[PDB]
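The next block holds one structure in the form of structure tokens; read it before the comments.
Below, all heavy atoms of this structure are taken into account, side chains as well, without hydrogens, waters or symmetry copies. Proteins come first, then strands; the chains are lettered A, B, ... in the order of their sequence lines, and each starts at number 1. Both counts, for ligands and for their atoms, begin at 1 and track the order of listing.
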2 protein chains.
Amino acid sequence: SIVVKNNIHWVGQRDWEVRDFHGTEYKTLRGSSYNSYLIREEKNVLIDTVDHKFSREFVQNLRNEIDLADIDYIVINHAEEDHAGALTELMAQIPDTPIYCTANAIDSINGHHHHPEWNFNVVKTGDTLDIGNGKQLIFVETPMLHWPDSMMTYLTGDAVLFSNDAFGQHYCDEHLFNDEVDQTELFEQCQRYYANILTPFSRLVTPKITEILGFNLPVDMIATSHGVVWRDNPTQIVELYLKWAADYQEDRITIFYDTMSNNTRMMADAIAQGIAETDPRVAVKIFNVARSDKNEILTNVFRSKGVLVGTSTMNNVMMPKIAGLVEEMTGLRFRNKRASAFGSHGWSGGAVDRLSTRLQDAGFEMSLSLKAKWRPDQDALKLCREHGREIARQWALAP
Amino acid sequence: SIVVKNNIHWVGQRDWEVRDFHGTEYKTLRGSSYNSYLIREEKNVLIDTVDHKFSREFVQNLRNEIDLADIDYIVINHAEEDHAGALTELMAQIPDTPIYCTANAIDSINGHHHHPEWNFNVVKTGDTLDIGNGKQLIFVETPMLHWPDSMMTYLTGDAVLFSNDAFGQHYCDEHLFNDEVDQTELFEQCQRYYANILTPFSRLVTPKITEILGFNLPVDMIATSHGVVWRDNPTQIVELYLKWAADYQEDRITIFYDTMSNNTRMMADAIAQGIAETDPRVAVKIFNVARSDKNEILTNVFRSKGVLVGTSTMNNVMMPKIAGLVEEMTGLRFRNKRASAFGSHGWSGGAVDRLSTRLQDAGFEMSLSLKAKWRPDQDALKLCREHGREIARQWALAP
Ligand SMILES: Cc1cc2nc3c(=O)[nH]c(=O)nc-3n(C[C@H](O)[C@H](O)[C@H](O)COP(=O)(O)O)c2cc1C
Ligand SMILES: Cc1cc2nc3c(=O)[nH]c(=O)nc-3n(C[C@H](O)[C@H](O)[C@H](O)COP(=O)(O)O)c2cc1C
Ligand SMILES: [Cl-]
Ligand SMILES: [Cl-]
Ligand SMILES: [Cl-]
Ligand SMILES: [Cl-]
Ligand SMILES: [Fe+3]
Ligand SMILES: [Fe+3]
Ligand SMILES: [Fe+3]
Ligand SMILES: [Fe+3]
Ligand SMILES: [O]
Ligand SMILES: [O]
């Protein structure tokens with residue numbers, strides 16, 4: 001274990017090896033960690049557990065820290081298997097132990113563990129739980145940040161906010177605190193995380209933060225369920241989330257496509273050249289979706305004022321990886337971003353119009369499409385470049 | 001070069017390394033080859049070239065076989081870059097050389113090579129080209145098998161049908177002839193090829209074969225543009241195509257899904273057990289789309305009477321790889337197959353209904369869907385198993 005502050009002990013699990021989260025939908029290229037905390041005042045409280053894959057280790061490590069019977073209360077902020085995963089193993093040892101959680105968490109804990117006989121205690125925002133020595137826990141419901149069951153737990157006196165997934169990041173390090181790790185890697189993992197998981201819930205972020213702040217409670221540390229404990233200037237991550245939640249965008253355009261014979265690729269590269277020579281302010285990134293990290297593409301989309309998406313026509317539909325990405329983007333709800341569809345075709349085409357419509361339905365504000373037949377020659381590449389120039393001019397930010 | 005028959009010389013290219021065709025849409029796990037043929041009678045005819053990546057080698061190898069100036073005619077059956085790829089390099093050396101091809105091939109050759117000054121000669125079905133010694137070429141247009149430009153070339157006397165893509169397969173071997181290679185690997189590659197590329201054009205297969213047969217011309221060999229030359233019982237591949245074109249299916253059910261926390265996987269395995277114990281005749285295969293070969297999944301779908309497709313709900317939509325696969329299946333036009341959608345959800349769900357509708361639009365005849373909340377317990381798994389039993393009973397073939 002590691003001492004977080006005073007009688008708060010980190011009793012979680014580092015995961016250097018993990019590469020796949022949510023199936024393969026989120027690639028954790030820097031691993032992750034599952035933070036669980038043991039607070040030892042007059043009452044002993046366990047806050048969350050760890051991923052199911054580490055359940056035996058968790059219980060064993062916990063025994064080394066404290067006799068399991070001495071645990072008075074278990075708080076479950078969020079019942080996803082990367083946090084409540086070890087709960088069955090633990091509860092097997094101390095089956096009578098009270099569990100504190102949201103009403104929705106009873107449904108999700110039961111949905112994963114199927115022990116409805118456990119002693120659940122529903123908490124609502126503002127409910128408290130005394131733990132002695134002048135300190136108490138205060139619960140704050142945070143539904144759909146990012147699950148219906150999600151909440152946060154605030155410890156008075158110590159002024160620590162246990163925020164579970166919120167403000168966390170998948171970034172494995174032996175050091176627990178934000179001031180102890182590489183700051184660029186920390187930032188990168190924070191942003192990849194927000195972009196790929198939290199974007200669709202952005203509308204909930206600012207009201208919930210506003211509500212928590214309105215409690216006028218000190219925040220000396222933010223102890224999340226993934227990655228570092230924010231102890232040095234903890235509000236830096238709070239302010240980043242407020243920025244990120246506000247339909248965030250930089251002066252950046254992302255171009256991504258798939259291609260069967262490189263024709264749409266040629267179009268993409270020409271478009272980029274047109275953008276680059278028209279408006280040097282714009283950061284441009286290009287990705288072949290078949291050959292790139294999907295999550296990196298989406299982080300870039302999150303950071304972008306606009307995107308261009310390419311596909312050729314394949315059996316009268318669009319290329320499948322593009323259809324898949326458009327489905328996912330539809331779910332992610334990118335807002336206030338512009339888009340333009342492009343691609344090549346051999347005869348009757350159709351995939352570009354198909355794509356443009358779906359991008360519009362996903363919430364992108366559509367500019368004109370760009371189409372070419374077979375492989376662009378010199379003249380066609382000029383048109384692609386001019387499309388880049390025209391797009392750059394249309395989406396230009398104020399001087 | 002290798003002698004095919006008499007004065008027909010194979011002057012193509014083996015590709016042991018290639019793993020990706022059409023972007024990454026077709027995985028060639030046994031490599032491929034690009035067959036080009038040099039016929040040397042009174043006239044010298046080159047039939048197709050090879051993939052663009054081997055253009056220098058092709059021209060060099062061709063020079064070793066014959067002085068380029070002695071080539072009288074060039075036949076282009078199909079202008080995709082894996083066959084017409086070396087044409088620019090070759091034509092640079094013999095720019096005046098006549099090219100024989102379909103009207104549509106002028107558009108596609110120009111679309112890839114941008115040399116409209118080349119001497120194109122449009123051929124129609126039944127057109128001929130004399131090459132001396134009592135032999136001639138007969139051209140047969142085959143539009144949308146698999147491109148608008150596609151045709152085949154028949155050589156009289158020798159009785160050889162140069163079928164380009166049709167009847168070919170991606171299977172690299174140093175031996176040229178079908179009787180010289182492994183028969184199971186040959187078959188497997190033939191079927192993967194038809195399933196993944198030719199299924200949407202199945203309606204065109206039987207009429208075109210009927211037309212070619214109606215010419216009452218002997219077929220001693222079928223020299224395709226990929227893989228083996230069929231010299232031993234060549235009609236075996238013709239008969240396979242007639243079987244495959246007729247909305248082919250075996251007593252086989254394929255189950256495939258994606259999953260974030262293994263819940264839909266548990267449903268899938270239970271469904272399979274229900275099928276297996278109800279109707280032992282049925283071959284069942286299960287695939288996690290995130291962890292399997294996409295083309296193998298589709299070959300199985302091609303071979304199947306019905307499928308079950310699974311997804312959980314992710315940000316109110318379906319999982320992206322499933323959306324992508326459904327897009328591709330929509331393009332492939334599977335016919336006379338049945339389907340059932342299934343999956344888990346956490347709260348409001350929706351992805352299973354979403355999937356079932358898209359499967360219906362793709363042409364599958366839909367049976368009832370199967371839904372479960374969170375992780376299936378014992379009771380829920382019983383329901384999943386019973387779904388398997390019920391599906392097996394509904395789709396059962398006659399005794
Ligand atoms: C498997 C396959 C299917 C195709 N289907 C269509 C089609 O339905 N309609 C069309 O106009 N072109 C079709 N084409 C032609 C391509 O759209 C054309 O080659 C285009 O220029 C390729 O662009 P890309 O290199 O970016 O993939 C198809 C090509 C392939 C290889
Ligand atoms: C990233 C993510 C997004 C989710 N979105 C939804 C949703 O929009 N609606 C819903 O009912 N459940 C949603 N869920 C809950 C899952 O559907 C639920 O966990 C389901 O049981 C997972 O099935 P699986 O393990 O086969 O992926 C989501 C879960 C995750 C991890
Ligand atoms: Cl990223
Ligand atoms: Cl188009
Ligand atoms: Cl296969
Ligand atoms: Cl559902
Ligand atoms: Fe979570
Ligand atoms: Fe988490
Ligand atoms: Fe082809
Ligand atoms: Fe080919
Ligand atoms: O989580
Ligand atoms: O091809």
Exercise. At a cut-off of 2.8 Å, list the protein N/O/S atoms near the Fe ion (ligand 7), residue plus atom name.
Key: A:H78 NE2, A:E80 OE1, A:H146 NE2, A:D165 OD2
Quiz item: Does A:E25 come within less than 4.0 Å of A:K294, counting only side-chain N to carboxylate O?
Solution: yes
Quiz item: Excluding sequence neighbours, so at least two apart, what forms side-chain hydrogen bond (donor to acceptor under 3.5 Å, both in side chains) with B:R30?
Solution: none
Exercise. Measure up the A:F21 and A:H170 rings against each other and bin them: parallel (under 30°), tilted (30 to 60°), perpendicular (over 60°).
Key: tilted
Self-check item: Set of salt bridge (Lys or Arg N to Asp or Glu O under 4.0 Å) partners for A:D82, sequence neighbours left out
Solution: none
Exercise. Look at the rings of A:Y241 and A:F167 and say which category their plane angle falls in: under 30° parallel, 30 to 60° tilted, over 60° perpendicular.
Key: tilted
Exercise. Apply salt bridge (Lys or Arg N to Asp or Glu O under 4.0 Å) to B:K305 and list each qualifying residue two or more places apart in sequence or on a separate chain.
Key: B:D251
